[PDB]
Amino acid sequence: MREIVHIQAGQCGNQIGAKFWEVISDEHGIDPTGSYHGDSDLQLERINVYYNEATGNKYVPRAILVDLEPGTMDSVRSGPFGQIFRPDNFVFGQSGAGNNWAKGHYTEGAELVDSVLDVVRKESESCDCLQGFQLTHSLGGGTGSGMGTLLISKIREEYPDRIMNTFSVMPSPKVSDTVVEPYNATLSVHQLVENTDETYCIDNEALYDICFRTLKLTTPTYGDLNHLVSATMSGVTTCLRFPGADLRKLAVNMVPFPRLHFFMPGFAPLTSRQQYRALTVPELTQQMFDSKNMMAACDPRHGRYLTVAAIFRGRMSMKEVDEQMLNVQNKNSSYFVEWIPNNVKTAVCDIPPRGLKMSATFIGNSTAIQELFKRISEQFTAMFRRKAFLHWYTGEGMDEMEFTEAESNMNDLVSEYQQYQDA
Amino acid sequence: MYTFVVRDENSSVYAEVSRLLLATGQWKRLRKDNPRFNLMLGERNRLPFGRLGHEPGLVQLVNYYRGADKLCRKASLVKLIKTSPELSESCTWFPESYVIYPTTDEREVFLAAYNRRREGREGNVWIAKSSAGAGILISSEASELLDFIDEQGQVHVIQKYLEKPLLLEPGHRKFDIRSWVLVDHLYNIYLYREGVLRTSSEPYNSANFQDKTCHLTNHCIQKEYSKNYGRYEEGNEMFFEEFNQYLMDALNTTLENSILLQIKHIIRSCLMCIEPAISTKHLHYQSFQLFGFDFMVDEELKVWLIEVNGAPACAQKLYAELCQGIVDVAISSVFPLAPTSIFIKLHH
Amino acid sequence: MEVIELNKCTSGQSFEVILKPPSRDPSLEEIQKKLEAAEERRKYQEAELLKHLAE
Amino acid sequence: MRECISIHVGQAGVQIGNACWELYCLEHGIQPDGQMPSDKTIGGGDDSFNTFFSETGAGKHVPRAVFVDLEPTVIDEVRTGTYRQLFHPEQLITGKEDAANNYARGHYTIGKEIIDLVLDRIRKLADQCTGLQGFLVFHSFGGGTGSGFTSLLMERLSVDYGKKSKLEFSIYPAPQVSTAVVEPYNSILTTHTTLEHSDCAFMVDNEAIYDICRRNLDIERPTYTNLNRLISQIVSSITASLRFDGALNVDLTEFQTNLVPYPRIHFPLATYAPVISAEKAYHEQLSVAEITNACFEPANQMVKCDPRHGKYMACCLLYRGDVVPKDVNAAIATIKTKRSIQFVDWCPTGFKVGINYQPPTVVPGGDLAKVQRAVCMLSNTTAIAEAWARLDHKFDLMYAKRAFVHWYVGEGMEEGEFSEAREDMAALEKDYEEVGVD
Ligand SMILES: CCNC(=O)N1CCc2cc3c(c(OC)c2[C@@H]1[C@H]1OCc2c1ccc(OC)c2OC)OCO3
Ligand SMILES: Nc1nc2c(ncn2[C@@H]2O[C@H](COP(=O)(O)OP(=O)(O)OP(=O)(O)O)[C@@H](O)[C@H]2O)c(=O)[nH]1
Ligand SMILES: Nc1ncnc2c1ncn2[C@@H]1O[C@H](COP(=O)(O)OP(=O)(O)CP(=O)(O)O)[C@@H](O)[C@H]1O
Ligand SMILES: Nc1nc2c(ncn2[C@@H]2O[C@H](COP(=O)(O)OP(=O)(O)O)[C@@H](O)[C@H]2O)c(=O)[nH]1
Ligand SMILES: [Ca+2]
Ligand SMILES: [Ca+2]
Ligand SMILES: [Ca+2]
Ligand SMILES: [Mg+2]
Ligand SMILES: [Mg+2]
Ligand SMILES: [Mg+2]
């Protein structure tokens, strides 16, 4: 059945995860009570990828909700689709993580992680053929970042032959909660480098710039940012949720070198509330490749595409899709490495997302992503050179050496991208 | 936007074509190893024809005809003329030639015909050529000819030397007529309006074949072994206008009537012969190619074909015009951009 | 251009036309060795991963 | 009569198999329930069609076929398809987790767990054969199962059935319908390991089938169903001699004798004509000369390449429909005077011709129009090496950077196998050039 086990950790992880399940529950026709009320059997074809079928033909998401304080998850349980989640899959503590990677990874999180693994094991055991895991979290906080990456490490040890996939929100000073986010993000990226196969890099400043510059939102909220994320998560999981397409074949074709598995996602259209105008296939294709539609705040013209995955949704001309996709890479062939032939693959899906007749989702493995890790590295070093705010972490048992190593690991990752941007 | 690649940096003709293409703003040059090109200016040797026409959404065109080497190699050219019914072994415009392997071989047939001439008192002077170039021997005895071929170590051809060439006056000197011919993807044959005569500056001396400054008209031999180099014409290059005026004032005839009709006939014959073997009509990629035909005219105003060059150069004064013509009929015909034609279409 | 070996039946016929005349597999054990060798390298890589995760 | 067992590996092999056996049934008058009214011998017989179909006491004609895929989704369609009645459960073998487009995963990791089961299911079919000729193996080059598991099966088949012949129908990868970036790796890995174990292999480039479907059938965006119906027509005309009365290519051994003088160069080029759209109301029926002339047009070949710039080692003409030898030799004569047909010196310049009077059968509701006569040409020409060159070049581009190599090493494969397979393809390319160029 190629089941996927979903995990959302921390405030950001649970808020974007909640929106994700609300979006795809609507696409598959599942209501807030888990009852199916769709009109197309295409909605139930691969519904078992994300949903378990309970008694009465109810559909329960295969989702585990994790946090070190109850606040954000209480609001999920009281949210629109809060009732579709299995109550047993809410695992939370009370102390919180204080935006502290050490608390999430070493102290507060360590005390709770075994409880989470018990639920993961219960969901995995009842899988006919487990594909792997999908984790939503931020890297700037404490729970999603620190306990999220601790969870990934424990999951890999118990399921070493399964695929690990994350949606990872990268912090930005433009949309910041605390000054320590670069510390938490730098410590997490190394965990991700070693223990994930595919990571969608979602940059909060990109999301902000899109809400402000393009969507014409004067004062974007986290809710507005999460609208872009849920629409993007629906797009990048379309090929997994409808006939066509699993996490391993995606990794095999998207990841030519094991460490370079950090993707830039994109979405089109993203229109300001003009929302009724039809979009032609050429327009979808140009916007989907446009930097302004990328979620990583990286300039693709500053690097090269190792691999690209594209997904077109809606009723349209596949002939015209192929033509426009060939036109993009035939007119800008300099931005696609020549040592990976035919590194752009396109999928189509007749089911469009809610509100749009046509949509295009972009998944790029570009060397330009190094600009994201370089930003984090600079912000990290600016504080670390003065050991600023370190006491929050040494107070939890960490020592300075572990920060020096995280810094070096980050700069090696940046260098590895640079060697292929010129090779 | 159209894209192309350059894989022969030594090509003077297509270095200008590349400059013209870029100068239009509607063509973009890529890296020599990028496969997403519309147009390939391929290398002279081992051009990978097998990798063309397999790029979805790209009409691909190359500036060489796969298989045209049969026409542009001195050995295989003789084989082509002797074994092709269209160009019979008795065609009147190609000198009697034989393929001689130093170490399928016609060494015995050459001696037989040599003895026929040796028996009678008919002119028995032959010339030996090969692919090295840059290696030519003109002797009256067969022994000396065959001996030089075994010492070189390459496939050669023994061809009858034109003992009675047409001599330009003043000077009493030999010459050569280069013609540029363009064949497009539809296998239209275009003869460049402008030809060039490569003339010897030394007076043709029938007594001494050792001094090959008057017998050989190659521009390289004249610019290094000729004391009168550049005396009669600039760079020993006479163009059609002057040569035509000469034929009128001296021989009371025109270049078109006395020579150009035979040239067009020869060009048409050679190219029509191999059309089934090299045409890209129904092929998954398209080809065009610029050829250089070399002709010799005897004193009876009879034209003889001596060689066909598949990667020829051009005359300095004619580079601009010809290269622009290439872009117009060979490249822009397949890839249109956004009448005083310089070519003569040899219909067939 | 000669036709030779013409054979006719109710379903059809076949013949030949000539235009011109002319001028140790590995054993079951050796395969098991390769398969088992690849599995050992696969178990060695996982043990290293588990050892790394144990540190 | 000697039986032939068909084996379909991976998605491409399985779906092409379903199209072929559908066509076989229509050709032999076998209904979806396995019944064959024309077969007056019930429960047995040694007729020509019994080379591919066995018989039960109830009168069911069961294909001598095995389907094997490392995931169940494709074979489950056979279990529920129109011809589900045709096969029984023992013939359909499905795994749980596919090879993820990874040769090493299909060959080593996953293949090791299921190879014994497949061989045992094949032994069952072999045990009901009075005299087995060999096997017909359908698979793709680019898929992880089609490439990796096929090469493993071919090795074991040689061990268990050393004297038996093995033929291949191989799907060569084309980006227009491609499914993986690493297909050049898998193609070269599986060709290297299968080369010594295959007596004769018919490559089909999806690019050619794709364009033939767009050009001659007016299909804007052809699907696998369109491609497989056309491929099955060509497979059908290649196997017709094994399934009908005749004297040409009557057993698998004869394919090697007539098409493969040198063992390593065992990839004949297939060319088929005519392909006519069924939506065309008015269509002028083509003649014997016209369809024979079309066998020398690259646009009709199963692999795009230029035979004018290679040399032939053998040529077979397989006609179906209203064709008599007189028309064939008349068409061949005129074609030889207009085509560049160059044979190697150590081979006779000629054609082995086979005619089956029954015109090609077309699947009702399909895309191919009914025609009065068709032909498939099987020519072993060095020009097909252009497909190796293309493939080896893509391999060289990626492997020079070691791109994606870690996926294969991670499954237990050694990096050295990459270079060994590439070195074997390098020798293969030079063998073709040594045979076809002067
Ligand atoms: C049967 C699947 N068919 C298929 O066309 N695709 C292409 C697009 C796509 C997009 C997805 C996705 C996918 O997989 C579930 C796929 C798959 C996948 O598998 C082959 C493949 C894939 C992705 C990229 C590739 O190359 C760069 C590639 O190589 C051919 O999940 C997230 O968004
Ligand atoms: N002609 C044709 N080609 C196919 C078909 N199915 C897949 N292919 C081609 O086969 C290649 C992919 O190999 P598959 O057969 O799908 O993979 P597989 O053998 O199932 O192995 P896995 O990796 O385990 O899925 C691609 O090049 C496809 O274009 C088909 O039905 N017809
Ligand atoms: N059969 C023949 N009869 C008379 N003169 C001949 C001849 N063959 C060659 N020549 C003379 O020898 C010269 C060299 O001959 P050829 O054209 O084969 O050399 P080449 O390859 O250097 C010319 P290009 O530089 O155009 O390729 C000719 O220009 C001609 O003057
Ligand atoms: N896009 C998005 N980002 C968020 C949201 N909530 C917090 N963040 C970001 O996540 C980081 C803070 O981590 P958070 O999830 O709140 O801490 P945690 O609960 O310990 O995991 C900061 O970079 C915030 O900008 C949200 O709802 N949406
Ligand atoms: Ca506690
Ligand atoms: Ca019977
Ligand atoms: Ca054998
Ligand atoms: Mg918070
Ligand atoms: Mg020359
Ligand atoms: Mg498969």
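Reminder, nothing fancy here: chain letters follow the sequence lines and each chain counts from 1. As a basis for the values below, the full set of heavy atoms in this structure was taken, side chains included, without hydrogen atoms, waters or symmetry mates. Counting convention: from 1, in listed order, for ligands and their atoms alike.
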With atom 6 (C) of ligand 3 as the reference point, say which of B/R178, B/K212, B/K174, B/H215 has the nearest heavy atom. B/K174
Ring centres under 6.0 angstrom apart (D/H107, D/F149): no
Honestly, for B/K160 the part within reach of ligand 3 (heavy atoms, under 4.0 Å) is backbone
Can the ring centres of B/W126 and B/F110 be said to be less than 6.0 Å apart? yes
Measure the distance from atom 14 (C) of ligand 3 to every protein heavy atom, then report the residue, atom name and distance (to 0.1 Å) of the closest one. B/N218 OD1, 3.4 Å
Would you please determine whether B/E163 falls within less than 4.0 Å of ligand 3 on a heavy-atom basis? no
Give a yes or no on whether a salt bridge exists between D/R156 and D/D160, defined as a side-chain N under 4.0 angstrom from a carboxylate O. no
Ranked by distance from atom 7 (C) of ligand 3, the top protein heavy atom is B/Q159 OE1, 4.0 Å
Of the listed options B/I177, B/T217, B/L305, closest to atom 29 (O) of ligand 3 (non-hydrogen atoms): B/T217
Check ligand 3 against B/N309 and write out every atom of the ligand that is under 4.0 Å from a heavy-atom position of the residue. 24 (P), 26 (O), 27 (O)
Please verify whether a non-hydrogen atom of B/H219 lies at under 4.0 Å from ligand 3. no
Do B/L162 and ligand 3 have an N or O pair less than 3.5 Å apart? yes
Cation over ring face, B/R107 and B/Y98, 6.0 Å, 45°: no
Is D/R264 salt-bridged to D/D431, going by a charged N under 4.0 Å from an acidic O? yes
Ring centroid separation for B/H172 and B/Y204, is it under 6.0 angstrom? no
Checking distances from the Mg ion (ligand 9), one finds that the N, O or S atom of B/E307 closest to it is OE2
Between B/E96 and B/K160, is there a side-chain N and carboxylate O pair less than 4.0 Å apart? no
Are any N, O or S atoms from B/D294 nearer to the Mg ion (ligand 9) than 2.8 Å? no
Pairing of B/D294 and B/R178 as salt bridge, 4.0 angstrom limit: yes
Need the ligand 3 atom indices (1-based, order shown) with element for anything under 4.0 Å from a heavy-atom of B/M296. 4 (C), 5 (N)
Out of B/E307, B/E96, B/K74, B/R198, whose heavy atom is nearest to atom 18 (O) of ligand 3? B/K74
Identify the protein heavy atom lying closest to atom 9 (C) of ligand 3, giving its residue, its atom name and the separation to 0.1 Å. B/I127 CD1, 3.8 Å
With side chain to side chain donor-acceptor pair (under 3.5 Å) as the test, pick out the partner of D/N249 among D/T257, D/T239, D/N258. D/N258
re atom 15 (O) of ligand 3, the protein heavy-atom contact at minimum distance is B/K129 CD, 4.0 Å
Identity and separation of the nearest protein heavy atom to atom 12 (O) of ligand 3: B/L216 CG, 3.9 Å
Honestly, is D/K164 close enough over D/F135, meaning NZ or CZ under 6.0 Å from the six-membered ring centre and within 45° of the axis? no
